[PDB]
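Engineer: Provide a 3D model corresponding to the input given below.
(chains A, B, C, D and E)
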Amino acid sequence: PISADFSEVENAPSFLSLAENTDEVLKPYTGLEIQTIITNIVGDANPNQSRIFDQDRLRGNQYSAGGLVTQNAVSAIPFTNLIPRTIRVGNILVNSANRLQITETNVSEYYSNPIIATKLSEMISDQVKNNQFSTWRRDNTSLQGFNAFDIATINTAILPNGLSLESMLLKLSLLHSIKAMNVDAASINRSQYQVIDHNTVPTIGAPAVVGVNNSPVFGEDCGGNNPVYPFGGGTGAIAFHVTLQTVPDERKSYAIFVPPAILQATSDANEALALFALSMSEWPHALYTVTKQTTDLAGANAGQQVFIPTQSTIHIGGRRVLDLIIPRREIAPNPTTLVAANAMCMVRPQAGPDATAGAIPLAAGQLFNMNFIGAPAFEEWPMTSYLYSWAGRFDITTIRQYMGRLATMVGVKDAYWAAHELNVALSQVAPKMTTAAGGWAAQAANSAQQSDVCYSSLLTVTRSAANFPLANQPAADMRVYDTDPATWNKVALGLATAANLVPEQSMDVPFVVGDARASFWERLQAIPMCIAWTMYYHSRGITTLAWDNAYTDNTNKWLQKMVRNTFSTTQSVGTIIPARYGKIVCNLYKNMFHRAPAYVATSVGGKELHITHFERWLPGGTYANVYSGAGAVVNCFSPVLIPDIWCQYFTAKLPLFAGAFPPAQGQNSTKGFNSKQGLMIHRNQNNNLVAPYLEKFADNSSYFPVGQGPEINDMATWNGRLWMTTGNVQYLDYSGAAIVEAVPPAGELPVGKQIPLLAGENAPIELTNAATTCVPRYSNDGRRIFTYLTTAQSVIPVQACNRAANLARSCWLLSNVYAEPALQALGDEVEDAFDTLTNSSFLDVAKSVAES
Amino acid sequence: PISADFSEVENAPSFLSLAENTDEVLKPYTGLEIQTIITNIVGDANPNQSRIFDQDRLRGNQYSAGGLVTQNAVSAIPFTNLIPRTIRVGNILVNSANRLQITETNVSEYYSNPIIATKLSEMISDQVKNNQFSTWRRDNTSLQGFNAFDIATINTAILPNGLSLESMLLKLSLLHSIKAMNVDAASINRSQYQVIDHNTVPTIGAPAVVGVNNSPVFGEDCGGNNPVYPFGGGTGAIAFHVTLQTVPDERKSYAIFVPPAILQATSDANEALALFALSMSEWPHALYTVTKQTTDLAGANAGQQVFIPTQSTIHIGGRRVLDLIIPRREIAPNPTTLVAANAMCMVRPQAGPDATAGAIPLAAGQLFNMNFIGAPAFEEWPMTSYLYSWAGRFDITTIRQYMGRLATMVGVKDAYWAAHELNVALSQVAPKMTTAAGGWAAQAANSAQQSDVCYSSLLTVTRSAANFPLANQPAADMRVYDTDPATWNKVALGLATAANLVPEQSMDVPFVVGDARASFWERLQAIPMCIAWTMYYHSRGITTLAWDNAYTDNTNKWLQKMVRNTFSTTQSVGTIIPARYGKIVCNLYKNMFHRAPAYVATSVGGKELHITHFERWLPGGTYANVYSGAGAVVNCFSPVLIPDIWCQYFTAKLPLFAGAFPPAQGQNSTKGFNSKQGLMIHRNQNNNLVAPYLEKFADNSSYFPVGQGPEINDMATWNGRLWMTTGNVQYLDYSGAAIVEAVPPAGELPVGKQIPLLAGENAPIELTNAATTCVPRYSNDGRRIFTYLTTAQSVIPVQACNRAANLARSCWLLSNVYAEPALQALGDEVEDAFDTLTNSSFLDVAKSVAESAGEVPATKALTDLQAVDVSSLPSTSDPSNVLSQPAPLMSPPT
Amino acid sequence: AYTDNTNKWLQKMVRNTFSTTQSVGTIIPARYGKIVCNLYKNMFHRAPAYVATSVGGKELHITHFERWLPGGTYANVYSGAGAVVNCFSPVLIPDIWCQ
Amino acid sequence: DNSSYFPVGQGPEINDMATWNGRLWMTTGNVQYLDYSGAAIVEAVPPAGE
Amino acid sequence: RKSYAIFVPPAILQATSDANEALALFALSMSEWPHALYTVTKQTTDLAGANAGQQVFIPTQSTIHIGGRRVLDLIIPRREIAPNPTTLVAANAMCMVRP
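Structural biologist: Numbers count the residues shown, from 1 in each chain, chains lettered A, B, ... in the order given. Please find the structure below.
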């Protein structure tokens, strides 16, 4: 919460108090209630637009350090999933000059929740034991549509591993979040088309079109009509079979049964079939491309403009070839002639409306010729071509139908929610901040720095270095479980079950899917994740080089252990073991928001263990760093992405070092902590260098002792912010010499991204739109860092810490923060009559809030 | 009430006593409290027989300060909704020089009463799960003429919020409020046409005509016969579908089902479809007009004036285009061919009886060409033109039956009543006051000041700055709930239910919905609202220029709070939260009128809270101010809208500072409070300025301390009124310096609007029709304001405070009466003999339906028997429960 | 009474003569059709055919008296030379049949 | 209170004997269908005595 | 079309002297009505008996509209315990009655 008075600063929680474990079960933090913070804002200059197209921004009144007022100043929402591929330059569309982003994943086996045999599979094995010949006769088949010999052979295997549905549901969530873009233009806010490209203004009149393989540059098209995998290249292969007798051996163990429940899940069974086929092959099968009409800032230069969705770039699975088995209409022995095969099956697979040109061209809507036992030549299709035909017909309400059916056949409530969490955590992305003295800045148009971007985890994204298809050495970003085809076959036939596979009412599918607001809710759900990682990284002052070099040669002992426990270093078989210090981040999340992240159960040694997206990232990335104007990299600060007001304003509780500065010109304006709090100044007056009250040294005064680093102390960080927020901070060491990290041109601090204004809005003023909490304490050399001011500059702030003076700093006028008059002609403290008449009600509201 | 003696004003309740929280249940304010006082009609009467065309004034005898009695003195009913677009000028009717008023709404989703899935949905899920054993794609799940694949997708992924229905009911109520003008002239007030145009006279014999897009000036016709939306400037689109498949992928998620339960009348059902379509598209779809015959004050010159209803200019945002998915007549395979479709649609839509031009021209009565798979081309209509054609065909009596069937599906009683409260709050409107010495005044004809107007909340109404269609959106004035298509689809098909949505009888529809008297009755419901807001703003002394700049100013910390807390701009747990000081006005209302305002619930984490229309206004507007006789603005007063006789003759109980001056009775007349009351006189360096007994803190604050402002004190306010009501007050600083705010020409007070007289009436005299209570105390720059008199002028009033002298005053000669509530139900109804012959059967069949929401005679115990594998049915492993809020628990840590 | 020129009382009056109500999968009987069935049973000492129907678990008989639909036009007398006259309440048959 | 206009929402009450008397007036050859003041009603009427 | 198809039990086909007629009557029984406009014709004459002739009348029952389902698939019993027919002669000889 933002603060009206300095009394609200002193009484704030300490960091260790919030990093503490909490026992109580909580609730998911859906974007539907994060929605209400952007709307329902204080301010009289604000037209309260109803369309979600305009509700994309943090609007508010602001108050200057000099005591002036500014109305309806703006702060852009940081996150997006769209990467531009046609940047405007000189007010005209121009082909991009920068290579595409990429993500990877280490899929893992899921041994947790091993399956139990049904009484059906039990009696089947008994019949195999006692050698009951009749039960697997040649022409016996179930109403399911599969013949008995196949069931008797699928049952014979013993499997240790359980079933997951994680990568499956994850691919469905990714396709969903791509298809959501195609919904009404009013249902999608414009800020999302102008986070990376600040010179572009989308049109409300015409919907974004969702194409595929249309990118202009760097081999992005992946062959067009001839579709090919973006990752590694090549075409896959697909074959439809009525029986496992037909599938080639050395291929049999891999073949997947397709239950009838899948094929009756939609208006067009070939489409449900195609969507299941997408569901268990490699992703992306192609590069999807959102296209949108946009115009000039003056409206002068309209045109279509291309965007590549982030979801389209993540790489998961990658199984290349697949054999699908299908139900049959009639109780008949396995087909021998071709016509007897084609007429036999429940549905006859075919390409969708879009055509393809390849060595194996597919005419639009072409029928597939089913395989049979006596066939002179085995039959097969290219996979990327196959899915390419149907790439145009997936649709979010159809996916909704499909999901209701899956929810009915087997549980989907929780797993889809966790998969959705992974989707947000991986596919939401913000540009690195540029440094400035004022409220707004951005990097020059069509530049490598314009397109640098980071995860919510404050890890920079990997960027491709060559034309598609890529042929990389893998660099996985985080673990996920794999969906096992064999266990799926054991379950689809009623042969087996698992403790989390319980069937559910269709109405229980989580409400996100099939809803057109889903994109906006994605963007919103991304912010709290950054708040938890940010408060993790800012509590200790480690510089961005000290993290970047912490997994390479320039490491310390302490940086070694430090990077080691942030991430999922550990690798037990068939498991994902959580980071030791990811738990602290989950605690911060639960204490600062009174809500909880999605869990996945996982067992080790018979011990149960929850795991969250906080606990399953992988080490070796590069961290967020600020740029200088003119693009020079600077990496002194601890890593950052987003402006302080987001942190201060969405949280219910925050640690003391992070609070907003109270408004200028009041009694109880910003102050500081001194000797009584147990702090001590470091003077260096011989060189004009004076530094705040700080923690008493513990043999760590100039070099830290080996294996140790800076200690948590809020009040000292607060003082460091007070020194920084003056205009001339100087980052030196104990002797007053330069440190190895690059430093901002003097007085600059990182600041939020510029976007074009609407009518009646203002650019943010002063330090209202800036990171401030990013204070250095530990350099890559192992030395301490000190923030200095000259002896003359340093006198007022020292009086403030001493509490014999006040300081003047700018602030948002939101909630209970009111502007302070220059005089302060105070009267006797007096409760207002209206405040007493309406106090109980005000208590009832707060009680209702606490209850939840 | 009016006071009889000074003993009664001296014993009147304090303001804080009336603003206390009250815990008792109270009946709705039907507006008939005012009817039995200003009208012949005590009890019932037929509207035709009563001539309420002439029942449009406050009447009575008046007593003057000089001792004379003026019989048959009169006062106008302040409020209206009609806006002239042609003003009489120089006895000759002419085009308006001034642009039209506009209004904006902030529509949005909020948590409502918690929602739960029904038994019918469980049966459907079990039908699907059981269907999974057989390689047959089959259609067991069809309901009410809908495709089996559609019921499956309407049964998925429910939204926690709940369901509202409010914006729907707003659009319906606004429409009704407009069509109610269409009834005969005998039962609409004469005054209603002449609140703003005081020089015109309506003719009783001929009814008003309601048209569309007819206006002469500023492009008000929205393309005329070829229409466009008045605000967006665009044109909509509408398409009808037998099944959801034919809907383009760009918008399959926004589709709305049109349940068969409406259209069950043998009354034209093609119109009921149009009125379902109207209540979910953007409003207004066109600018309605009321044309009425009128004449000159001499009766000499006659003509047809044009008016715009205030309901027709308020913008409820929403959906330009609609896919309406129609029920199938006969259960059947999906109509792959056309003749299978049309001969099987339960209704086949066609345009209403009016022609339209432009692209996609529509001949009258034209038939829509149905959409089905494999069709040669897609077909749709512009919706502005489709709605333009039915626009002349709706009427009060059909809206009543429509809503009567609508009530059978979902309860609509309390929700509609609250929507009607919003209707009255946003549509009733009054002109700004003119200062004078005497009892009447009005602004010059066809002037900008003549047409300037305000809400019952003392906030001004904004004007358009360019010809329609408007190129750019105005700021929101108030925020309302929205109605989700998704959970609408779930609720209409019986798949979901909430405690606010329990079905009701067609007789439960509130009386206003049917009657021709409804316009008059809406006109009477806005007065208590101003009385509440007036007592609120007048309890403190803050001036108009001071409210006007308050939200931002840095001169004083207290003032910023005092405005920030009166508007609804706060939230928690994803829902709206009521304005903190709106509750004061609500309490003030309940305590003065002994009636309860209509409210709606918001669920904060499952805890319901009541929001009233007092609590949902938004910042931005200018506040209400009086004009000089010459048209110059006057800033110095607190906000005012109406003469105080209205405030003080229609309240059961009243604040002390606002009571009427008592009648002369022998020696006694009027009197003032002194130091025995805790008060004390202000004096300065000047020896020729005297200010009344006031607070003791008044001695120590030429400027209020920051964080503090003037406090409630009835008696000092009373004394301030005594200084003001002398003909020669002076508005000045602690030192006797001029304040920055514009002040009236000397000795003048704001006074109520002039209207033409009937034979035998007299104009109000002196201060009988003035506002008096608006006593300034807080200046724009933080100074106190003092009311001064010169010494010689000062002597009699001070002795009147000392109870040793008396001050003459005028009064109405009216006694006090205040009725117990006329009706409990909120709906009129009378037993007929047949209602008694057939009583018990109705009484239990009714209750047997109210519990029957989402029930079918087949129970789970029967449909289990048909199931293949009962343990694996989701209804077994998932007994259903009410969803929690903000969201139901997911992924619990074991 | 089912078109524009309606009253309140004509509104309720036509509303309860007929089967206005529409619960799912059912035909709910008119409130005042029951009076007509009572007249039938008292004046003839005989009963009309029933169909059972359930709502809310409540049983409900229904008869052709209870299942007509609103919006028709009523019997009216003609003048000689064919002029329509509609002052009388609706009629079809001579009194002696009734008596 | 239903002498010339019925009060809103109410209509004529059942009373047999009055209907009997109305039949007695009708079965004479010259009945005249008017209102309380003796003015014509809006319904079309039979040529006299029919 | 499968979910709509109606089985015709043998009980229907042995309900009359000509099974094709019972079949036709069941088919009338579950499709749309009227399937045509039936016409009663009767000789009539003048009041004086002067002008005899046939005269046409349309029954009221023929004008009521009910149902209206348009297309129908009827399933029929087979004479012998045999697997589903594959040749045409094997189909025609198979069924209980040939429509």
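
Engineer: mind listing what's buried in stretch A:47-66?
Structural biologist: Buried residues in stretch A:47-66, defined by neighbour count with 16 or more other CB atoms under 10 Å in any protein chain shown: A:47-65. In this view, the C-beta of every residue, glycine as well, is placed from N, C-alpha and C.

Engineer: and what of stretch A:94-105?
Structural biologist: Applying a neighbour-count criterion of 16+ other CB under 10 Å, the buried positions in stretch A:94-105 are A:96, A:98, A:99, A:100, A:101, A:102, A:103, A:104, A:105.

Engineer: try stretch A:392-406
Structural biologist: Buried residues in stretch A:392-406, counting neighbours by 16+ other CB under 10 Å, are found at A:393-406.

Engineer: just the helices in the stretch 601-750 of chain A please.
Structural biologist: Secondary structure of the stretch 601-750 of chain A (DSSP state H, counting those that start in this stretch): helices at A:644-650, A:714-725.

Engineer: show residues contacting the longest one.
Structural biologist: By CB atoms under 8 Å, 6 or more residues apart in numbering or on different chains, the list of residues contacting helix A:714-725 from outside reads A:9, A:14-15, A:538-539, A:541, A:655-657, A:661, A:670, A:672-673, A:677, A:679, A:691-695, A:729, A:749, A:767, A:772-773, A:775, A:787-789, A:797, A:800-801, A:807, A:809.

Engineer: residues near residue A:711, how many?
Structural biologist: Other residues near residue A:711 number 12, with proximity taken as other CB atoms under 10 Å in any protein chain shown.

Engineer: who are the contact partners of it?
Structural biologist: Residues in contact with residue A:711 (CB under 8 Å, 6+ apart) are A:695, A:698.

Engineer: and the gap between it and chain B?
Structural biologist: Using CB to the nearest CB, to the nearest Å, we find residue A:711 at a distance of 31 Å from chain B.

Engineer: what's the answer for residue A:109, then?
Structural biologist: Using CB to the nearest CB, one gets 21 Å for the distance from residue A:109 to chain B.

Engineer: same check on residue A:403?
Structural biologist: 7 Å.

Engineer: not counting its neighbours along the chain, what's nearest that residue?
Structural biologist: residue A:509 (5.2 Å; CB to CB, 6 or more residues apart in numbering or on different chains).

Engineer: how much space between the one you found and chain D?
Structural biologist: Using CB to the nearest CB, which is the criterion applied here, residue A:509 is 49 Å from chain D.

Engineer: ok, now which ones touch that residue?
Structural biologist: Contact criterion CB under 8 Å, 6+ apart gives A:400, A:403, A:404, A:407, A:412, A:413, A:416, B:156, B:157 as the residues in contact with residue A:509.

Engineer: among those, which pair sits farthest apart?
Structural biologist: When these are compared pair by pair using CB to CB, the two farthest from each other are A:400 and A:413, 14.5 Å apart.

Engineer: related to what we said a few turns ago, and chain B, which of the buried residues of stretch A:47-66 contact it?
Structural biologist: Cross-checking those against chain B (CB under 8 Å from any CB of the partner chain) gives A:47, A:48, A:49, A:50, A:51, A:61 as the overlapping residues.

Engineer: ok, of these, which one's closest to chain C?
Structural biologist: Minimum separation from chain C among those (CB to the nearest CB) is found for residue A:50, which lies at 34.4 Å.

Engineer: got phi/psi on that closest one?
Structural biologist: Torsion angles at residue A:50 (phi, psi; degrees, to the nearest 10) stand at phi -90, psi -30.

Engineer: contacts only, for it.
Structural biologist: Each residue near residue A:50 by CB under 8 Å, 6+ apart is listed here: B:105, B:106, B:107, B:108, B:317, B:476.

Engineer: any idea what the third one is bridged to?
Structural biologist: Under the criterion DSSP bridges, residue B:107 forms beta bridges with residue B:480.

Engineer: tell me the spacing between it and chain E.
Structural biologist: Applying CB to the nearest CB, one obtains 42 Å for the distance of residue B:107 from chain E.

Engineer: neighbours around the closest residue to chain C within chain A, how many?
Structural biologist: Across chain A, the shortest distance to chain C (CB to the nearest CB) belongs to residue A:507, at 18.4 Å. Neighbouring residues of residue A:507 were enumerated by other CB under 10 Å; the total is 27.
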